[PDB]
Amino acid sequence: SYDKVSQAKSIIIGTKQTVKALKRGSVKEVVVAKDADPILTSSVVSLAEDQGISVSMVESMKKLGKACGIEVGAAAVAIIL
């Protein structure tokens, strides 16, 4: 649901900075795009699942970025709340 993202108050964009947000429990939910390189995605589904944080999935990384205000596409987005 790109809506949940386009509606979220605060959020982090991109894999690196998200994994970093997961590493401090500030994250409420995590959205990751299927079409993105798996080596990059599974990186977050693991840290996410292992922590017991909900993980949602969206078809495109180019639409995900659009939902964040970025103009280039994001592999994953953390929702800080």
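Just count from 1 along the sequence shown to find any residue number.
When the modelled residues of the chain are ordered by C-alpha B-factor, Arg24 sits in the highest third. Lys9 sits in the highest third of its chain by CA B factor, as recorded in the PDB entry. Among the modelled residues of the chain, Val55 sits in the lowest third by CA temperature factor in this PDB entry. Ranked by C-alpha B-factor against the other modelled residues of its chain, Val72 falls in the lowest third. When the modelled residues of the chain are ordered by C-alpha B-factor, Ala36 sits in the middle third.
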